[PDB]
Ligand code: HEM
């Protein structure tokens, strides 16, 4: 469970993300694909992208990052009461895209990295710990929904 204080630190930094959702999404995906290249293989629509500049130039990748961060933001704003928002995500990611929890760990790492790179003054140790707890909760809850669907990833 996160404390109310922890949720407020999470949402405080999230408001900074919301000032440029597209750019944050791009940096997060680029970091993810650079640090863990195997994850790019999951995206039939993006795996053709060969360089960082191609990734930045891709309107479809930029659009996708807004979709991803919009879904995550909607989840975070529920402060743990996110069943209705999380279930459809679990359904598609377990049954269609087949994304193991370890890949969700990888993108969580990319999120923390990008938020610190862009907002160090609003993302110190305590805020990072809070965001880490929020993403840990997201991953734990999605893993339970995965199992309900029969996926052990
Ligand atoms: C913060 C965690 C993530 C969130 C919030 C998120 C959210 C979303 C959303 C909202 C969609 C569109 C609707 C849907 O199909 O469910 C989507 C699609 C997709 N996701 Fe994720 N995602 C996350 C992590 C990942 C990761 C790490 C991967 C791969 C390693 C992945 C793979 C995919 C793929 C392949 C699609 C279909 C893209 C397309 O061709 O249109 N997701 N995701």
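Is it true that residue 117 is under 14 Å from the mean Cα position of the chain (by Cα) and either within 12 Å of the ligand (Cβ to nearest atom) or in contact (Cβ under 8 Å) with a residue 40 or more places away in the chain (or both)? First the steps, then the outcome.
Details: under 14 Å from the mean Cα position of the chain (by Cα): no; either within 12 Å of the ligand (Cβ to nearest atom) or in contact (Cβ under 8 Å) with a residue 40 or more places away in the chain (or both): yes.
No; evaluated as a whole, the condition is false for this residue.
Might you let me know whether the stretch 37-59 holds any residue that is in a loop (DSSP other than H, G, I, E, B) and touching a residue at least 40 places away in the same chain (Cβ under 8 Å)?
No, the conditions are met nowhere in the stretch 37-59.
What residue, of 73, 80, is at positive phi and either in contact with a strand residue (DSSP E or B) (Cβ under 6 Å, 6 or more places away or on another chain) or more than 8 Å from the ligand (Cβ to nearest atom) (or both)?
80
Among the numbered criteria (1) within 11 Å of the ligand (Cβ to nearest atom); (2) in contact with a helix residue (DSSP H, G or I) (Cβ under 8 Å, 6 or more places away or on another chain); (3) within 27 Å of residue 1 (Cα to Cα), which one does residue 151 miss?
Going through the list (1) within 11 Å of the ligand (Cβ to nearest atom); (2) in contact with a helix residue (DSSP H, G or I) (Cβ under 8 Å, 6 or more places away or on another chain); (3) within 27 Å of residue 1 (Cα to Cα), residue 151 breaks only (1).
Would you be able to tell me the number of residues in the stretch 49-70 that are near the ligand (Cβ under 8 Å from one of its atoms) and surrounded by 14 or more Cβ atoms within 10 Å (Cβ to Cβ)?
Within the stretch 49-70, residues that are near the ligand (Cβ under 8 Å from one of its atoms) and surrounded by 14 or more Cβ atoms within 10 Å (Cβ to Cβ) number 3.
Taking residue 93 as the residue in question, decide whether it is within 13 Å of the ligand (Cβ to nearest atom), over 20 Å from residue 14 (Cα atoms), surrounded by 14 or more Cβ atoms within 10 Å (Cβ to Cβ) and under 15 Å from the mean Cα position of the chain (by Cα).
yes
How many residues are closer than 21 Å to residue 117 by Cβ and more than 9 Å from the ligand (Cβ to nearest atom) when one looks only at the stretch 34-48?
3
Do you know which of the residues in the stretch 120-145 that are within 9 Å of the ligand (Cβ to nearest atom) and free of Cβ contacts under 8 Å to residues at least 40 places away in the same chain is surrounded by the most Cβ atoms within 10 Å (Cβ to Cβ)? Don't jump to the end; show me each part of the working.
Initial filter on the stretch 120-145 (within 9 Å of the ligand (Cβ to nearest atom)): 135, 138-139, 142.
With free of Cβ contacts under 8 Å to residues at least 40 places away in the same chain added as a condition, the list becomes 135, 139.
Values: 135: 21, 139: 16.
Looking at the filtered set, the residue picked out is 135.
Is it true that some residue in the stretch 12-19 is within 16 Å of the ligand (Cβ to nearest atom) and assigned to a loop (DSSP other than H, G, I, E, B)? Steps first, answer last, please.
First, the residues of the stretch 12-19 that are within 16 Å of the ligand (Cβ to nearest atom): 13-14, 17-18.
Adding the requirement that they be assigned to a loop (DSSP other than H, G, I, E, B) leaves none.
No, the stretch 12-19 has no match at all.
Just so you know, all these numbers are worked out from the coordinates, no wet-lab data involved. For neighbour counting, all protein chains shown are included, and Cβ atoms are generated from backbone atoms with ideal geometry for every residue, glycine included.
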